[PDB]
Structures are given as structure tokens and as C-alpha cells.
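Asker: Would you mind keeping the following structure in view while I ask a few things?
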Amino acid sequence: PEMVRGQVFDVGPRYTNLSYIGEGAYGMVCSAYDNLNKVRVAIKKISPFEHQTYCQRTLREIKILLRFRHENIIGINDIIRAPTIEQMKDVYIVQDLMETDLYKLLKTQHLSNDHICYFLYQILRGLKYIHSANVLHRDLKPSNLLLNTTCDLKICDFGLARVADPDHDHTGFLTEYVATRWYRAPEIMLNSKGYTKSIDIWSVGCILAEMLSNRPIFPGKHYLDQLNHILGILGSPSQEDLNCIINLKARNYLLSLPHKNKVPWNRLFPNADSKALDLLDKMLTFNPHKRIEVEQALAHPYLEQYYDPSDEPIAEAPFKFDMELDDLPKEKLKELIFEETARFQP
Ligand SMILES: Cc1cnc(Nc2ccc(F)cc2Cl)nc1-c1c[nH]c(C(=O)N[C@H](CO)c2cccc(Cl)c2)c1
């Protein structure tokens, strides 16, 4: 059985020639060759069954990605696991192969205003579909945006994604410490169980900033420092913004802080399209409720060249509260992961 950096990839005879691409908390992703379809693929190995959060994440990533069909979202071509539940210790998710990620590209390359323009368009096109399906991504960042040779873009890694049916009040039930620090909306710190899909718009904000500078905008070294970096540029929240913070303990924490002034965008990004900076501002708005939503952001002037509602599919079938009940023991999540991967067994 082929191995990559001390990691066994039991992908039978069909898939061969494994190269490393990257890793995550509970597995590794490789490039491979499908001998059946004569095409190169990506294979993400997952080993989650020891820890309950990993099984919950694995089940969502698979259910969500299996219903999604969109040109700016990575899909699932195939899934491999043992013939019986007792033997299943690993799940292999076969996905389409991309050439690079936006993280890698920004190390080697300063992007034309046209490239930034077109990348941002694609991120929001796919985000439109994600949000349309009552899903939050919750870890948008450059290394979860894939690119190929023809400048086509795909959102990947739905490990931290989940359904929030907008017909239920989820304030108090959402997981606490989501997103990657530098891309973390302020309300994840101040309202850590009450946030919304608007946290994805924040993340896109930070990505746009990073595309204009080749430098991350809010590089906090630790949890409460991140909030300082944000406040460092946006300036202290207005009274109206502290009025929209329902959590008294966090309202007080903010009042306690020394007044900081807003740093205008054009001093941070002197060479940058004024329309880019207008959208950057509406995305990096402190108050989640005032923050630009995904449709309004596609409709912004900066993206008028690409914006067309008739070519921006939404989900035929949005996810509803019934497909959220996954607060269950890990042995029962294992059985649910078994059932969902069945459609790919002989
Ligand atoms: C699906 C896919 C398809 N093509 C490529 N191409 C690629 C991407 C980045 C590179 F540096 C080089 C290459 Cl060739 N990458 C991917 C890909 C990159 N990351 C992921 C992906 O899902 N990565 C996440 C890490 O956040 C992951 C991976 C393994 C286990 C876990 Cl638990 C999590 C898929």
C-alpha cells in the first residue's frame, strides 16, 4: 500500500502515484492518478473516529459537498473506506485536482487589479451558493481557495462548515472558536456563540486586503490581540455598534479599552482602486448587521464587469434544521458516516 510522508494511502489499485499537497488537524491531502478515468485527482485522507468534533466535521463536509454542484466549489468525485464499519478507520475523499492555492500564489506574485477583481468575483459567486443553501463555511482564507492554470477558482475545505437554518434562533448553540485567527470576524470574539454567515463576508474582506498588499491585514499573535489589530485600523466602535452587542460582559470589555481612531483605507492601500476600497470597507464593517451581504457585494460597482444574476446559481434545495441534529456520540456519527459513503461502495 503506497505511503506519503509516513502516511498509508490505502486507495486500492484504481488510484496510484501519490504526491503530497498539504495536511490538516486529522489527515493529509495528495495528488493521485485515476487509472480508470485516465485523469489526475486530489485525495484527502481523513482519520477522525477517535475524537467526536472530527466525526461531526467529517459528516457535515461530506453531506454538504455531496449536495453542492457549483463551478467555484470543490466537489466529491468518489469516497473510499473499508467494506465493514469495524474495519473503517480512514475515509479517502477524491476531489478534482487544482494547480495551487491563493496563499501560495501571493508568495510569488503581485496581482493586477484585473486578477484581484476576477478572483474576488469568483469567491463571492461560490459564497452566494454556499449562503443560499443556509451554510456557513467558517474558514475562508487564501489556502482554502484553489486556482488552476486558466485563473479558475474553487472554495475548498468544508471541514468547519455547518447548516444554520435561518428559520431557527441559533444564538447560544454555535461552536465557539471557528475560522483561522487572522480572518476571524470580531463577533466570534465578542459573541462567540451568536455569530452568522456574515463571518464569511469578514473573511472575504481580509482576503481582498491580503490580495491588495500581499500582506495579511489583521495578523494577531493571540486571541484578544486579534481584536486589538482590528480596532487598531477600524478605530473604536461607535456607541450605535456597542448598542447592537447583546452580551453585557463583552460590551464592558470594549468600553474599558483606550479610544483608537479609524486609519483610512487609502493610507493603508495608496495604489488601490477606490471601488476596491469601498467594497473592502463594507466587508470589514464592525457591526455584523450593517456588513454587506453576498448579493449586495456581487452587485457592487468594483465587480460590474462580471456581475450577472442570470449566471449565478443558488442551491435548488437549501439545508433545513432536520439536517443539523449531529450532537451525538462518535460511535453513532461513525454509523452515519458509513451510511453517507455507501452510495460509492460496490
Ligand atoms: C482538493 C484539492 C485539490 N487540488 C489541490 N491542489 C493544490 C493545492 C495547494 C497546493 F499547494 C498544491 C496543489 Cl497541487 N488542493 C486541494 C486541497 C488543498 N487543501 C484541501 C483540503 O481540504 N485541505 C484541508 C486543510 O485545510 C484538509 C486536508 C486534509 C485533511 C484535513 Cl482534516 C483538512 C484540498
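The way I read the labels, and the way they are meant: chains A, B, ... in the order of the C-alpha cells, residue 1 as the first residue of every chain, and ligand 1 as the first ligand shown, with later ones counted on from there.
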List every residue of chain A that has an atom at most 7 Å from any atom of ligand 1, and for each one report the closest atom pair and its distance in Å to one decimal, counting only C-alpha atoms and all ligand atoms, with rows sorted by chain and then by increasing residue number, as CSV.
Answerer:
residue,atom,partner,partner_atom_place_in_ligand_line,distance
A:21,CA,ligand 1,12 (C),4.8
A:22,CA,ligand 1,19 (N),6.1
A:23,CA,ligand 1,29 (C),4.5
A:24,CA,ligand 1,31 (C),3.8
A:25,CA,ligand 1,32 (Cl),5.0
A:26,CA,ligand 1,32 (Cl),4.5
A:27,CA,ligand 1,30 (C),4.0
A:28,CA,ligand 1,29 (C),4.1
A:29,CA,ligand 1,29 (C),4.7
A:31,CA,ligand 1,14 (Cl),6.4
A:42,CA,ligand 1,3 (C),4.8
A:43,CA,ligand 1,1 (C),7.0
A:44,CA,ligand 1,29 (C),5.1
A:45,CA,ligand 1,30 (C),6.1
A:46,CA,ligand 1,30 (C),5.7
A:74,CA,ligand 1,1 (C),6.6
A:95,CA,ligand 1,1 (C),5.3
A:96,CA,ligand 1,3 (C),5.5
A:97,CA,ligand 1,4 (N),3.8
A:98,CA,ligand 1,4 (N),3.7
A:99,CA,ligand 1,14 (Cl),4.5
A:100,CA,ligand 1,9 (C),4.2
A:101,CA,ligand 1,9 (C),4.7
A:104,CA,ligand 1,11 (F),6.3
A:143,CA,ligand 1,19 (N),6.9
A:144,CA,ligand 1,19 (N),6.1
A:146,CA,ligand 1,8 (C),6.0
A:156,CA,ligand 1,22 (O),5.7
A:157,CA,ligand 1,22 (O),3.7
A:159,CA,ligand 1,33 (C),6.6
Asker: Can you check which parts of segment 110-157 of chain A lie within 6 Å of segment 298-321 of chain A? Per residue, the shortest pair of atoms and distance in Å to one decimal, counting only C-alpha atoms, sorted by chain and number, as JSON lines.
Answerer:
{"residue": "A:129", "atom": "CA", "partner": "A:314", "partner_atom": "CA", "distance": 4.6}
{"residue": "A:132", "atom": "CA", "partner": "A:314", "partner_atom": "CA", "distance": 5.6}
{"residue": "A:133", "atom": "CA", "partner": "A:318", "partner_atom": "CA", "distance": 4.0}
{"residue": "A:134", "atom": "CA", "partner": "A:319", "partner_atom": "CA", "distance": 5.9}
Asker: Once you have the residues from the selection above, write them out as a PDB file, in the first residue's frame, restricted to N, CA and C atoms.
Answerer:
ATOM      1  N   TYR A 129     -23.794  30.773  -3.467  1.00  0.00           N
ATOM      2  CA  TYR A 129     -24.404  29.425  -3.447  1.00  0.00           C
ATOM      3  C   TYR A 129     -24.302  28.855  -2.026  1.00  0.00           C
ATOM      4  N   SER A 132     -26.793  30.703   0.077  1.00  0.00           N
ATOM      5  CA  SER A 132     -28.144  30.382  -0.460  1.00  0.00           C
ATOM      6  C   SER A 132     -28.640  29.053   0.106  1.00  0.00           C
ATOM      7  N   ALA A 133     -27.737  28.137   0.456  1.00  0.00           N
ATOM      8  CA  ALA A 133     -28.083  26.781   0.935  1.00  0.00           C
ATOM      9  C   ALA A 133     -28.139  26.744   2.462  1.00  0.00           C
ATOM     10  N   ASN A 134     -28.159  27.899   3.124  1.00  0.00           N
ATOM     11  CA  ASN A 134     -28.169  28.020   4.610  1.00  0.00           C
ATOM     12  C   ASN A 134     -26.895  27.378   5.188  1.00  0.00           C
TER      13      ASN A 134
END
Asker: So how many Å separate atom CA of residue 205 of chain A and atom CA of residue 283 of chain A, to one decimal?
Answerer: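 Taking atom CA of residue 205 of chain A and atom CA of residue 283 of chain A, their separation equals 5.1 Å.
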Asker: Leaving out segment 181-191 of chain A and any residue of its chain fewer than 3 positions from it, which residues lie within 8 Å of it when counting only C-alpha atoms, given as a PyMOL selection string?
Answerer: chain A and resi 139-141+176-178+194-195+199+202-203+206-207+216-220+222-224+226-227+230+245+247+250+286+288
Asker: For the selection just defined, write its residues with N, CA, C and O atoms to a file, as an mmCIF file, in the first residue's frame.
Answerer:
data_model
loop_
_atom_site.group_PDB
_atom_site.id
_atom_site.type_symbol
_atom_site.label_atom_id
_atom_site.label_comp_id
_atom_site.auth_asym_id
_atom_site.auth_seq_id
_atom_site.Cartn_x
_atom_site.Cartn_y
_atom_site.Cartn_z
ATOM 1 N N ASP A 139 -14.225 28.979 7.495
ATOM 2 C CA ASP A 139 -12.742 29.055 7.418
ATOM 3 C C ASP A 139 -12.328 29.494 6.015
ATOM 4 O O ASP A 139 -11.458 28.847 5.445
ATOM 5 N N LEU A 140 -12.927 30.555 5.480
ATOM 6 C CA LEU A 140 -12.429 31.173 4.227
ATOM 7 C C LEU A 140 -11.091 31.847 4.536
ATOM 8 O O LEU A 140 -10.993 32.568 5.555
ATOM 9 N N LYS A 141 -10.082 31.516 3.729
ATOM 10 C CA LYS A 141 -8.737 32.105 3.795
ATOM 11 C C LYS A 141 -7.999 31.673 2.542
ATOM 12 O O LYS A 141 -8.450 30.781 1.846
ATOM 13 N N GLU A 176 -17.480 27.722 19.083
ATOM 14 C CA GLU A 176 -17.031 28.940 19.728
ATOM 15 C C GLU A 176 -15.832 29.577 19.032
ATOM 16 O O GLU A 176 -15.705 30.806 18.991
ATOM 17 N N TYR A 177 -14.945 28.741 18.510
ATOM 18 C CA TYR A 177 -13.601 29.181 18.193
ATOM 19 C C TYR A 177 -13.341 28.859 16.724
ATOM 20 O O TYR A 177 -12.387 28.157 16.388
ATOM 21 N N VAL A 178 -14.228 29.360 15.855
ATOM 22 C CA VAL A 178 -14.200 28.991 14.447
ATOM 23 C C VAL A 178 -13.325 29.999 13.685
ATOM 24 O O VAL A 178 -12.920 30.989 14.291
ATOM 25 N N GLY A 194 -23.108 33.332 18.905
ATOM 26 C CA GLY A 194 -24.292 34.022 18.346
ATOM 27 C C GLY A 194 -24.088 34.522 16.924
ATOM 28 O O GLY A 194 -24.994 35.230 16.415
ATOM 29 N N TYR A 195 -22.961 34.173 16.294
ATOM 30 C CA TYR A 195 -22.496 34.772 15.014
ATOM 31 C C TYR A 195 -23.396 34.240 13.902
ATOM 32 O O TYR A 195 -24.302 33.468 14.227
ATOM 33 N N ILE A 199 -19.894 36.216 9.024
ATOM 34 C CA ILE A 199 -18.462 35.969 9.375
ATOM 35 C C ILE A 199 -17.663 35.584 8.113
ATOM 36 O O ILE A 199 -16.432 35.720 8.099
ATOM 37 N N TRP A 202 -16.717 38.963 6.344
ATOM 38 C CA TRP A 202 -15.484 39.384 7.052
ATOM 39 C C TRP A 202 -14.275 38.722 6.395
ATOM 40 O O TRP A 202 -13.339 39.449 6.028
ATOM 41 N N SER A 203 -14.289 37.392 6.309
ATOM 42 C CA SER A 203 -13.126 36.578 5.883
ATOM 43 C C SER A 203 -12.758 37.007 4.466
ATOM 44 O O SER A 203 -11.579 37.260 4.191
ATOM 45 N N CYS A 206 -10.783 40.230 4.565
ATOM 46 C CA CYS A 206 -9.364 40.023 4.936
ATOM 47 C C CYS A 206 -8.564 39.500 3.737
ATOM 48 O O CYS A 206 -7.357 39.758 3.674
ATOM 49 N N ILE A 207 -9.227 38.762 2.847
ATOM 50 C CA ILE A 207 -8.612 38.092 1.669
ATOM 51 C C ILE A 207 -8.331 39.179 0.637
ATOM 52 O O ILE A 207 -7.161 39.256 0.169
ATOM 53 N N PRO A 216 -1.083 40.079 5.202
ATOM 54 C CA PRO A 216 -2.328 39.951 5.954
ATOM 55 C C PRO A 216 -2.611 41.259 6.713
ATOM 56 O O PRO A 216 -1.709 41.836 7.240
ATOM 57 N N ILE A 217 -3.869 41.674 6.766
ATOM 58 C CA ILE A 217 -4.324 42.971 7.352
ATOM 59 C C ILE A 217 -4.376 42.932 8.896
ATOM 60 O O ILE A 217 -4.176 43.994 9.499
ATOM 61 N N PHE A 218 -4.731 41.803 9.518
ATOM 62 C CA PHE A 218 -5.006 41.705 10.980
ATOM 63 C C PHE A 218 -4.250 40.513 11.529
ATOM 64 O O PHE A 218 -4.873 39.537 11.918
ATOM 65 N N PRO A 219 -2.896 40.547 11.508
ATOM 66 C CA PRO A 219 -2.079 39.422 11.962
ATOM 67 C C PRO A 219 -1.880 39.299 13.477
ATOM 68 O O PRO A 219 -0.742 39.326 13.867
ATOM 69 N N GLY A 220 -2.957 39.114 14.254
ATOM 70 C CA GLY A 220 -2.888 38.896 15.713
ATOM 71 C C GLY A 220 -2.046 37.680 16.071
ATOM 72 O O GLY A 220 -2.221 36.633 15.421
ATOM 73 N N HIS A 222 -2.255 36.326 19.186
ATOM 74 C CA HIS A 222 -3.109 35.535 20.122
ATOM 75 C C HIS A 222 -4.538 36.107 20.169
ATOM 76 O O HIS A 222 -4.762 37.161 19.552
ATOM 77 N N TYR A 223 -5.448 35.442 20.892
ATOM 78 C CA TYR A 223 -6.930 35.587 20.821
ATOM 79 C C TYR A 223 -7.388 37.051 20.992
ATOM 80 O O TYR A 223 -8.109 37.569 20.103
ATOM 81 N N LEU A 224 -7.034 37.705 22.105
ATOM 82 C CA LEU A 224 -7.513 39.080 22.433
ATOM 83 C C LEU A 224 -6.701 40.127 21.645
ATOM 84 O O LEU A 224 -7.260 41.229 21.373
ATOM 85 N N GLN A 226 -5.859 39.796 18.478
ATOM 86 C CA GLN A 226 -6.549 39.860 17.164
ATOM 87 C C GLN A 226 -7.527 41.041 17.178
ATOM 88 O O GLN A 226 -7.482 41.856 16.251
ATOM 89 N N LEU A 227 -8.365 41.136 18.210
ATOM 90 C CA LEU A 227 -9.332 42.250 18.388
ATOM 91 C C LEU A 227 -8.585 43.594 18.379
ATOM 92 O O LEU A 227 -9.077 44.528 17.727
ATOM 93 N N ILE A 230 -7.677 44.649 14.820
ATOM 94 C CA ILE A 230 -8.895 45.096 14.082
ATOM 95 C C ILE A 230 -9.192 46.538 14.488
ATOM 96 O O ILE A 230 -9.228 47.414 13.601
ATOM 97 N N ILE A 245 -24.504 45.092 20.496
ATOM 98 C CA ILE A 245 -23.827 43.967 21.228
ATOM 99 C C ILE A 245 -24.680 43.557 22.440
ATOM 100 O O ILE A 245 -24.646 44.273 23.463
ATOM 101 N N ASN A 247 -24.399 40.976 24.435
ATOM 102 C CA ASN A 247 -23.577 40.352 25.509
ATOM 103 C C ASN A 247 -22.905 41.430 26.372
ATOM 104 O O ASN A 247 -21.796 41.857 26.028
ATOM 105 N N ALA A 250 -19.073 41.540 27.193
ATOM 106 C CA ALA A 250 -18.230 41.993 26.056
ATOM 107 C C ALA A 250 -18.402 43.499 25.810
ATOM 108 O O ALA A 250 -17.387 44.147 25.511
ATOM 109 N N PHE A 286 -17.532 46.573 11.258
ATOM 110 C CA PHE A 286 -17.505 46.017 12.636
ATOM 111 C C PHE A 286 -18.835 45.341 12.965
ATOM 112 O O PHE A 286 -18.826 44.273 13.563
ATOM 113 N N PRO A 288 -21.919 43.268 12.493
ATOM 114 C CA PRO A 288 -22.340 42.219 11.563
ATOM 115 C C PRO A 288 -23.606 42.559 10.759
ATOM 116 O O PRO A 288 -23.648 42.198 9.592
#
Asker: With segment 255-275 of chain A as the partner and 10 Å as the cut-off, tabulate the residues of segment 146-220 of chain A that qualify, each row holding the nearest pair of atoms and their distance in Å to one decimal, using only C-alpha atoms, sorted by chain and rising number, as a tab-separated table.
Answerer:
residue	atom	partner	partner_atom	distance
A:209	CA	A:269	CA	8.5
A:212	CA	A:272	CA	6.8
A:213	CA	A:269	CA	7.1
A:217	CA	A:268	CA	9.3
Asker: Using only N, CA, C and O atoms, please write the residues we just selected to a file, as an mmCIF file, in the first residue's frame.
Answerer:
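So again-v5.cif came out as:
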data_model
loop_
_atom_site.group_PDB
_atom_site.id
_atom_site.type_symbol
_atom_site.label_atom_id
_atom_site.label_comp_id
_atom_site.auth_asym_id
_atom_site.auth_seq_id
_atom_site.Cartn_x
_atom_site.Cartn_y
_atom_site.Cartn_z
ATOM 1 N N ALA A 209 -8.056 42.441 1.194
ATOM 2 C CA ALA A 209 -6.945 43.214 1.791
ATOM 3 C C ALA A 209 -5.625 42.532 1.442
ATOM 4 O O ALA A 209 -4.726 43.194 0.899
ATOM 5 N N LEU A 212 -4.483 42.935 -2.127
ATOM 6 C CA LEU A 212 -4.082 44.331 -2.449
ATOM 7 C C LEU A 212 -2.684 44.635 -1.902
ATOM 8 O O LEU A 212 -2.023 45.485 -2.508
ATOM 9 N N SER A 213 -2.255 43.971 -0.825
ATOM 10 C CA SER A 213 -0.966 44.236 -0.135
ATOM 11 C C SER A 213 0.056 43.098 -0.349
ATOM 12 O O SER A 213 1.244 43.384 -0.316
ATOM 13 N N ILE A 217 -3.869 41.674 6.766
ATOM 14 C CA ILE A 217 -4.324 42.971 7.352
ATOM 15 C C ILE A 217 -4.376 42.932 8.896
ATOM 16 O O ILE A 217 -4.176 43.994 9.499
#
